[PDB]
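Notes follow once the structure below has been shown.
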Amino acid sequence: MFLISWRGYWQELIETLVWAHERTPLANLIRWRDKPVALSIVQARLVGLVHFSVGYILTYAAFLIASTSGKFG
Amino acid sequence: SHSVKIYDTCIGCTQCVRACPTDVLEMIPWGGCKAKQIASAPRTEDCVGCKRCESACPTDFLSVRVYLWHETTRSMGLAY
Amino acid sequence: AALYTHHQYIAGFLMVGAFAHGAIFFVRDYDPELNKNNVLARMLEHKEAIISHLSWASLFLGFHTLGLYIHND
Amino acid sequence: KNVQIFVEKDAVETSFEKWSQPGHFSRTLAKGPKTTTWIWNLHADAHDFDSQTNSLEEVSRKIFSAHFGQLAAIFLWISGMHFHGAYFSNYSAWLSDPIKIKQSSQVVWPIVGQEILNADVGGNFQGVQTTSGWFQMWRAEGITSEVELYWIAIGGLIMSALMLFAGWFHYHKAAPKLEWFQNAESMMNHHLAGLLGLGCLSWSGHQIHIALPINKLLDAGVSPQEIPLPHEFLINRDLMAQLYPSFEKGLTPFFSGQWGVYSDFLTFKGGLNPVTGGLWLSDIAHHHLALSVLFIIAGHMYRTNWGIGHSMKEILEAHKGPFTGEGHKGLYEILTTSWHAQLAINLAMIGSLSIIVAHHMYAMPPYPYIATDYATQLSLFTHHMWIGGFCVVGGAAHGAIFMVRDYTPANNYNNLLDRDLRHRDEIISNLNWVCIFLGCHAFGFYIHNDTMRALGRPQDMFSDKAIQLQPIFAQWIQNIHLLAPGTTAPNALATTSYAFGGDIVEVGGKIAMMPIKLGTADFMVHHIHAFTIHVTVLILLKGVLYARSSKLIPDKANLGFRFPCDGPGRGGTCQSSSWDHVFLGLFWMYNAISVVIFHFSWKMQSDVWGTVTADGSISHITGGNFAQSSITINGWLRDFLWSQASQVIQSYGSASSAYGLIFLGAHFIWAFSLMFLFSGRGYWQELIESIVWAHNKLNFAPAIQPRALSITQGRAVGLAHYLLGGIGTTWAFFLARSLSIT
Amino acid sequence: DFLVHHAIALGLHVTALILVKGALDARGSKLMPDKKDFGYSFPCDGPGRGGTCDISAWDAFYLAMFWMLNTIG
Amino acid sequence: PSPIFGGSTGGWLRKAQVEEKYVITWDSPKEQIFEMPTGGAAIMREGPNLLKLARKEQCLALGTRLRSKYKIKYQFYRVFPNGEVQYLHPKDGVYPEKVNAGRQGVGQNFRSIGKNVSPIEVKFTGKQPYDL
Amino acid sequence: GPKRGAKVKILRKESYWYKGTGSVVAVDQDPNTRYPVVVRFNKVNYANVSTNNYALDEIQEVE
Amino acid sequence: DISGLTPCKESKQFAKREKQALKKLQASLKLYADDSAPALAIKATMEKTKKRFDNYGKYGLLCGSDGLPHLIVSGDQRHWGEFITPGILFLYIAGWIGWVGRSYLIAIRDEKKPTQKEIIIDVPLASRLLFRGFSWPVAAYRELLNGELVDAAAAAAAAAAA
Ligand code: CLA
Ligand code: CLA
Ligand code: CLA
Ligand code: CLA
Ligand code: CLA
Ligand code: CLA
Ligand code: CLA
Ligand SMILES: CC1=C(C/C=C(\C)CCC[C@H](C)CCC[C@H](C)CCCC(C)C)C(=O)c2ccccc2C1=O
Ligand code: SF4
Ligand code: SF4
Ligand code: SF4
């Protein structure tokens, strides 16, 4: 998701969410202190990379350990 | 804010100023080229950083140059 | 099986981190006037050779190793 | 008269001059290539007729003649198929025993050991098993002989050359004016009454006189040979009255208004044919008759040259409420001066139609002997799901091309179009919520089941044994359809489909149809369907509404339909264009349709398909594992994907080994796509510069300078390989799995 | 054992190609002769003069990560 | 003197009454329909027209559409929450694309671009190569 | 220096056409111009531009 | 022999592969009548298969314990037909294409529109050039020791770095 879909798709989406939150009664009493924005170009690559990496390593660890211990030979 | 620098290879053909979507650059008097005019960056704080000015510059390499800088509400391009 | 694949994956991160910091050196640490005609400077002077030749070896291994596997399939 | 014929004579000279000058159609490409980007632009812009000329009349002439070229390729395609069925098939041997002989219309040449693909199919014949249902469609027409298929093949070639000639005639010799094209009310009267109405009338005529009596003799047990020539059914009423004893009356009970005499051929019995497992042809003949009367009457609703009738303009302009403001004013100029707005409706409709078509052909199988051919059932169903999927998103692409190019604000002050754009932040933010609401619930039902089961607590899972989620609304509707024959439809003998309940139909020991019970495992999957459609709509809708501007880019419409970005400022502008919205939504349509065909392939194999023995002992294909194995992701991964893979992975050395190769080949192409989707252009163009250097060093370089693929293009490559590899891997998995169980 | 070794060879060469190209072109290229002025990591140079996604030396590291994971795999 | 518009949900947010808001003025010889940068359509009023927007780009984007599409010409203002106004476009009444005697040089390096220093030379300083 | 029509080699390092040859078209005689020499080329750069201005110390003459 | 391999004519496992490949096609042949097209096709397939095993037996190839032929690329001259002789053959055809294609680019370079002749081939000129690469090892050698093969270092554009 972070590697194929880029930023200006996401920036436009959040602008409708900032709008919605500002127009709904009883949710208007609360407000962010940091303007919500979409992750940047280089930040999306690093995050998409960490997911691809952590997912890559955890699924092989899962396979190699239980296929050996489940057969023991 | 962002940083916009203008080099001396500027031939003064006003194309960066016509491309700027947030009125950052302007043309000023200059006596170093045929057109006697050089680009200038007097309002870099409205600069959003979209680099349309560099896509318009005909010189090789570019005369106008945009460098990423600390972001405010104006350069982030926020309407909220 | 856990041990061999643990040190091979860590070996990969270390290797990739070595070249990553090798690039950082050239950007904000390399001084061209200090290494005039140096063994380090000459590497940049034929950088197109290294890259284009590394590209040939890669294309060669890829075409034949992949082609042989598909022929057997 | 307002509806007339206006044609320009000798509009375009026909010469080979322009053929030798690639890029003649556009102003920028006609200068010639300087870089390799030019070669790519040549193809991306060839059919963009709107950007080649400014005249609407010249765009319309190009489109009209291109339709003739598209149809001529379809006639050639149809003529081929009939030719293959007549010279490279086992049609005759299949007609004599369509329960044991497998179908095949393709034979491969023996050259590199590939003859193994000629399977041992039966009837002293060897070939590739084809799953298009040509055979079943031919039997329903009352084919019975290869000679008849040969005439269709010659007639398909003649029609194909007639189309090629008409497209050349209408673009060069007799080019019709703009006034001719802008006749919507005339055009609607002709397509409803002429194309659809007379099409159903004549087809019904073929079914009553040729297809009905031949099928009756085939079904009773008469060998094809003993059946007389089709034309002999048109001459001797004696032959026709033996099968349907109401031809002795002739045509007189039709003009006397006594139509119940024909209850022999105009039935309303419902159900299927116990012998063939297909719909009753007599019902299908009644179906086309009732259609054709409806289509011909509907083709009188518009006003052309005689006062009577409706003008499309006064209809739409009368519809305005106090919420809608001006209502439908302006939608005429739109839909009669822009081809993009037309496709946007049309592709969305035709794509929805192909989805609708696939749902009705597995539940009420219309051809004989097709319901027990599970390879055909599975192949035909997924095919229309894919064609439907691509056409639906293609309607949304043209909706956004219309907003950028043909849309003007002055033509639409305060109408429905202007108003949607005014609260576009509200449609998108509300849809956005419905998407976050549907995903957390429908997909979280599976996670809960995955963790509960893994923790050793099956008593707490969402299942038919724990916390039930019964689809009571759909179960309620099933009962209505079951009790409908006699009560709500008092003249109907049986239910439309046996899916809503009833009896079990069987042909040759295989199950054709059975009631499809819905439980909580059904319920959970239907929400996944709900959820993936809502997300796909979120991307495409957003692309159309924000095609012209946003808070991010106020002048998006000046940048065009497809631009890569507006630079690395204003945070990230990547994929802001409405073309990139189409690009993203293609990955969702893919995601949505993949779950649909997975749901269909598994539910039919678990709960319908199978064989039987004495005392009605039903043995399903996967043995009824659908209620307790599809509620978790692990169950979907282990019982659907892992278990049913055994065919395609063990197909080597057999006749279905091409499916094993295409399986790997599409896993390779899918991975190949990720190189284009994850990377970007400026790493590739620097790579090319070191390569060009090695050429320059050896005194040579191409004068057409090599340039990396552009930003937009590198995305369109990665998406085309992603679909090709993804859909392909499933294509190979579905056919090698269903040929082994049929 | 012979075919896999040539696949392992291919993996090492392509990974090296991306890392060596990223280090040597870190200071500049034909498409961006003043790359050292922007540092090690930056988004791109905009859509000008063709378009410049993944031009920074940091991007070479990000692309190489996929190859390390693949050739250790 | 606001133009004819039925409203839309794409207008200003809290940022307007809390952070700077922008207005744009133009003069039209006749009543014509134009496109809103945040909204689909609106009828401009003959005589002076006043429009409030949330961004400088949105204001400048309207100017561009007012210029080469209608032949008219406008002024931008920055309005603060206290009430102080600023005059922005055109800065000195003359458009930035046309040279005007009296302007000065801001941000100009007096050499070509290949003449910047190495980043190792400005080590441990609080600058950059392009600020020398 | 060059004249009109002379074939020169570019010595600017950040130019697209460094070490590459091309043809002088116009030399500005007014020395207030810093880059007086229009040099044309038959191959385009990445921005599809075919020409550029240079100084006299940045071009070499071929023969 | 090399690597403990045995020749294929003396491998017990290579002979079993030959039998089982023929048995599989014979058991498929029995379901057809003798004059018909499927019986003539499978009979021709067993001839092609039987000639494939005979060919290898006398070929001089090496088999393993798996019963399959192996190839030796150390450079032994006794197993030349396996890599050397088809290797010299490929080099002749691959170097023929690269040489001929390069001659074309260099020829149409000195022209008003060189790019025009890369999308639209001057076929009479191209046809002439294609067959002049039959003596490329002599033609590529004359230009190496002339100066017309490789250009000088001041003629290649280089990245700012070096
Ligand atoms: C399976 C998926 C896949 C494949 C096949 C490749 C293939 C390739 N990538 Mg890679 N890449 C991938 C995924 C993949 N990528 C992913 C996920 C990423 C992360 C974004 C990248 C990122 C990436 C980068 C950064 C780099 C590569 C490079 C390369 C090339 C390596 C050289 C080579 O192997 O030559 C062999 C060529 C192939 C294997 C391509 C297939 C060609 C087929 C048609 C040949 C058929 C076999 C045989 C020859 C048939 C004869 C042909 C017939 C006409 C006679 C090659 C084109 C590098 C490169 O381009 O250097 C040259 C490079 O720098 N890729
Ligand atoms: C369009 C649908 C269609 C498709 C997909 C097929 C597919 C096939 N047919 Mg078939 N066929 C069709 C329609 C179709 N046909 C029709 C309508 C007829 C009746 C006319 C036939 C008659 C027919 C016969 C008699 C036979 C086949 C056979 C075959 C198979 C082998 C074909 C082959 O390899 O030839 C190879 C073809 C070539 C090598 C020709 C090369 C074409 C190149 C040069 C392209 C040239 C384009 C050129 C550059 C354009 C320049 C334009 C300029 C001249 C104006 C293949 C499965 C054979 C078969 O099934 O064997 C058992 C066979 O014997 N077909
Ligand atoms: C897919 C694999 C493949 C293969 C196997 C080939 C093979 C070939 N290509 Mg092709 N090619 C390919 C792919 C391939 N190509 C691809 C992907 C491209 C890119 C599009 C090309 C582009 C291409 C070009 C442009 C050309 C070729 C040419 C050739 C041929 C060069 C060798 C030759 O002409 O015969 C060998 C000929 C000889 C050994 C003759 C020896 C010399 C004579 C004087 C000796 C006479 C001896 C005497 C007659 C013996 C009789 C004596 C008697 C007593 C017995 C060869 C047949 C060339 C060609 O077709 O030739 C005109 C050519 O110009 N190729
Ligand atoms: C002894 C080894 C060593 C040392 C001293 C450094 C030191 C440094 N590196 Mg470095 N590096 C190393 C190894 C090392 N690295 C290796 C092995 C690699 C290869 C992966 C890299 C790749 C690398 C890059 C690409 C970059 C650096 C940078 C830097 C500098 C700043 C780092 C920073 O701000 O981190 C900040 C710390 C973080 C961002 C925390 C990140 C945590 C990551 C994402 C993992 C978290 C995921 C989590 C574990 C998932 C949980 C899973 C669970 C749910 C199951 C610093 C000088 C950066 C720089 O600016 O240099 C100029 C830079 O761009 N390095
Ligand atoms: C009764 C009259 C009639 C009929 C049958 C059609 C039929 C058709 N029109 Mg059409 N049209 C009509 C009147 C009619 N039009 C009029 C009056 C206008 C002017 C307002 C138009 C303007 C128009 C346009 C602008 C376009 C069409 C197109 C089409 C085709 C739609 C594609 C399709 O479904 O393919 C189904 C295909 C077939 C059923 C094959 C039929 C092929 C020919 C045409 C046979 C019909 C002739 C004749 C009635 C047959 C007699 C049968 C004989 C036994 C008695 C279809 C062939 C589109 C197209 O594709 O154009 C090429 C298109 O772009 N029409
Ligand atoms: C009736 C259907 C129809 C029609 C007439 C059009 C017509 C048009 N579309 Mg459109 N479109 C459609 C359906 C349709 N589309 C669908 C279903 C989608 C969703 C996928 C789209 C998505 C779409 C986009 C996203 C865009 C268009 C564009 C265009 C315009 C130019 C197209 C062009 O030049 O392409 C030339 C044709 C090609 C380059 C052919 C390449 C096709 C693919 C890559 C190959 C297909 C693979 C093949 C089937 C299998 C390969 C197997 C392998 C082994 C070889 C033109 C007005 C473009 C435009 O500018 O609009 C004005 C544009 O940006 N359309
Ligand atoms: C498996 C991969 C994956 C997943 C999980 C997602 C997830 C999502 N994508 Mg997608 N996306 C993907 C791949 C994926 N994507 C790919 C490959 C692409 C490239 C084409 C994209 C492109 C893309 C676009 C373009 C869009 C999305 C959208 C969405 C969101 C849908 C809304 C929703 O229901 O969120 C809910 C979350 C889930 C369904 C996943 C987890 C469910 C959890 C388990 C239940 C609730 C957990 C709870 C809240 C937290 C408790 C746990 C915590 C305490 C530990 C969601 C965040 C759309 C969006 O934002 O619309 C709203 C949208 O427009 N994505
Ligand atoms: C690899 C890659 C390239 C390099 C690809 C290029 C330059 C295109 C090469 C296409 C060739 C020239 C067409 C001919 C195809 C092959 C010569 C033949 C392969 C087909 C086989 C079946 C034989 C990009 O330009 C690019 C741009 C933007 C994002 C990602 C990428 C990207 O991932
Ligand atoms: S970066 Fe964009 S906003 Fe800033 S001066 Fe350049 S073109 Fe104008
Ligand atoms: S910087 Fe470029 S666009 Fe601006 S005046 Fe100079 S040459 Fe013209
Ligand atoms: S990554 Fe590419 S598309 Fe995105 S801003 Fe940078 S140059 Fe433009």
Side-chain angles (χ1 to χ4, degrees), chain C residues 66-67 69-73, chain D residues 81 84 88-90 101-122 125-135 370 372-387 590 593-594 596-598 600-602 604-605 609 621-622 636-673 721-742, chain H residues 24-25 28 45:
Chain C
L66 199 238
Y69 263 114
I70 283 160
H71 161 105
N72 283 339
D73 255 302
Chain D
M81 304 308 112
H84 273 61
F88 306 110
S89 68
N90 61 6
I101 301 298
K102 294 181 182 294
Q103 185 170 176
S104 178
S105 295
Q106 199 190 318
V107 176
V108 321
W109 286 323
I111 167 63
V112 180
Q114 80 171 26
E115 40 274 26
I116 191 168
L117 295 175
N118 290 319
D120 291 331
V121 294
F125 183 81
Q126 293 179 355
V128 175
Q129 277 180 92
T130 61
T131 61
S132 263
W134 281 114
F135 277 21
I370 196 170
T372 61
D373 184 1
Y374 293 160
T376 300
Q377 277 319 256
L378 211 223
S379 276
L380 293 175
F381 173 94
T382 62
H383 178 83
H384 295 115
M385 274 294 168
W386 279 122
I387 300 300
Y590 174 77
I593 300 300
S594 296
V596 176
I597 61 176
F598 272 11
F600 166 98
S601 178
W602 194 1
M604 294 301 287
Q605 279 182 82
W609 297 347
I621 300 300
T622 62
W636 263 97
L637 203 245
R638 171 204 59 241
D639 291 331
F640 182 75
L641 293 175
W642 181 95
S643 178
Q644 295 180 356
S646 298
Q647 277 77 233
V648 206
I649 58 164
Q650 304 164 353
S651 65
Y652 277 16
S654 66
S656 66
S657 66
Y659 293 102
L661 294 174
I662 296 169
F663 191 63
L664 292 174
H667 262 94
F668 172 86
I669 273 309
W670 178 80
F672 184 67
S673 65
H721 289 69
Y722 194 106
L723 294 176
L724 200 237
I727 283 154
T729 286
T730 279
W731 176 91
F733 157 60
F734 264 16
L735 295 174
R737 164 63 183 189
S738 65
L739 293 174
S740 104
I741 58 130
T742 225
Chain H
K24 185 176 179 181
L25 294 173
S28 179
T45 301

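When reading the values below, keep in mind they use all heavy atoms of this one structure, side chains included, and skip hydrogens, waters and symmetry mates. Quick note on labels: first sequence line is chain A, next is B, and so on, each numbered from 1.
For the atom pair D:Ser651 OG and D:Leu735 CG, the distance stands at 12.0 Å (nearest 0.5 Å). With values rounded to the nearest 0.5 angstrom, D:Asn118 atom CG is found 12.0 Å from D:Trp109 atom CH2. Summarising the geometry, atom CD1 belonging to D:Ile727 is positioned 13.5 Å from atom CD1 belonging to D:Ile669; distances are rounded to the nearest 0.5 Å.
A pairwise comparison of heavy atoms in D:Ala736 and D:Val648 identifies CB-CG2, 3.7 Å as the closest pair. Minimum interatomic distance between D:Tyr722 and D:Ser673 (heavy atoms only, all atoms of both residues): N-CB, 3.4 Å. In terms of heavy-atom proximity, D:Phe733 sits nearest to D:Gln644 at CE1-O, 3.3 Å. Taking every heavy atom of both residues into account, D:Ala666 and D:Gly728 meet most closely at CB-C, 3.7 Å. Taking each heavy atom of D:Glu115 and H:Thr45 in turn, the nearest pair found is CG-OG1, 4.4 Å. Summarising the geometry of D:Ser738 relative to D:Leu378, their closest heavy-atom pair is CB-CD1, 4.0 Å, with the distance given to 0.1 Å.
In this structure, the side chains of D:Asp639 and D:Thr622 stay at 4.5 Å or more apart for every pair of heavy atoms. Inter-residue side-chain proximity for D:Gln605 and D:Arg737 is flagged as met; some heavy-atom pair is nearer than 4.5 Å. Residues D:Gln377 and D:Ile370 meet the side-chain proximity criterion, which asks for heavy atoms closer than 4.5 Å. Counting heavy atoms from C-beta outward, D:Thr131 and D:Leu739 have side chains that approach closer than 4.5 Å. Under the 4.5 Å side-chain criterion, counting only non-hydrogen atoms from C-beta, D:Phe668 is in contact with C:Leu66. Side-chain contact between D:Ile621 and D:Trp602: absent, with no pair of heavy atoms (C-beta onward) separated by less than 4.5 Å. Proximity of D:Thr742 to D:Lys102: side-chain heavy atoms (C-beta onward) are separated by under 4.5 Å at one or more points.
Under the 3.5 Å distance criterion, the side-chain polar atoms of D:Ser646 are matched with a main-chain donor or acceptor of D:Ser643. Side chain of D:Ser657 to backbone of D:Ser654: a donor-acceptor contact under 3.5 angstrom is found. With hydrogens and angles disregarded, a donor-acceptor distance shorter than 3.5 Å links the side chain of D:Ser104 to the backbone of D:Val128. Without hydrogens or angle criteria, D:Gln129 side chain to D:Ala119 main chain gives no donor-acceptor distance under 3.5 Å.
Residues forming a side chain to side chain donor-acceptor pair (under 3.5 Å) with D:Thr130 (at least two apart in sequence, or on another chain): none. In this view, H:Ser28 and D:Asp120 satisfy the side chain to side chain donor-acceptor pair (under 3.5 Å) rule, not counting sequence neighbours. Considering only residues two or more places apart in sequence or on other chains, D:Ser105 meets the side chain to side chain donor-acceptor pair (under 3.5 Å) condition with none of them.
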Could you give me the CA-CA distance, side-chain angles and deciding distance for C:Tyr69 and C:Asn72, then say whether side chain to side chain contact (heavy atoms under 4.5 Å, CB included) is met? CA-CA 5 Å; C:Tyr69 263 114; C:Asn72 283 339; 5.7 Å; no
Given side chain to side chain contact (heavy atoms under 4.5 Å, CB included), test D:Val121 with D:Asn90 step by step and report yes or no. CA-CA 9 Å; D:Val121 294; D:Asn90 61 6; 3.6 Å; yes
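Tested against D:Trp731 for a ring pair (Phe, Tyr, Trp, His ring centres under 6.0 Å), the candidates D:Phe663, D:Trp386, D:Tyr659 yield a single pass: D:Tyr659. Each of D:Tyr374, D:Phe734, D:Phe600, D:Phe598 was checked for a ring pair (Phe, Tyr, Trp, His ring centres under 6.0 Å) with D:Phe381, and the lone residue meeting it is D:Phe600.
A 6.0 Å sphere centred on CH2 of D:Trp670 holds no more than 12 heavy atoms belonging to other residues, nucleotides or ligands.
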